[PDB]
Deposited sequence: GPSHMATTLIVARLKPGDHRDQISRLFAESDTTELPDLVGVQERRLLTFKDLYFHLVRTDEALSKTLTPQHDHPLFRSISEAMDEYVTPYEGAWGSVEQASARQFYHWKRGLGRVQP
């Protein structure tokens, strides 16, 4: 398993319905199956956008493509209408505790 928190800045407005739709439609395709997604959450706080995604290496075969898959290109460019880089867009984890493991 791996969990990644992706962060960006929202552009002015309320884009949540639009962003939600982009991901909902994507998640009906085989794209989460190519990636190996186990669970996805999207959140907002003030002008911040958060994409929290848990992936699993065993769920899919590894691809190392030279170019973006068209489905990834589509959602990536579509999201550019609603978010901009805050200023690598993944947060860096420095502490992990889990019930039954203690500190990981």
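Deposited residues without C-alpha coordinates, grouped into stretches that follow sequence order = Those parts of the chain that were deposited but carry no coordinates are 1 to 4, 92 to 98, 116 to 117.
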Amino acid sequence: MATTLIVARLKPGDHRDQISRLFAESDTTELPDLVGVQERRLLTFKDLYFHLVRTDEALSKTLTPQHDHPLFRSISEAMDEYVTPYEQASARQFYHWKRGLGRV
From here on, numbers count along this sequence of modelled residues.
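query = So 90 to 98 or 7 to 15, which one's hotter by mean CA B-factor in the entry?
reply = Between 90 to 98 and 7 to 15, it is 7 to 15.
inquiry  = Can you tell me whether 53 to 61 has a higher mean C-alpha B factor than 71 to 79 in this record, or the other way round?
reply    = On average, C-alpha B-factors are higher across 53 to 61.
inquiry  = Quick check on the deposited entry: does the C-alpha B-factor of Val35 sit in the lowest, middle or highest third of its chain?
reply    = For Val35, the deposited C-alpha B-factor lands in the middle third.
message = Where does the C-alpha B-factor of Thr44 rank in its chain, lowest, middle or highest third?
response = CA B-factor rank for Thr44: lowest third.
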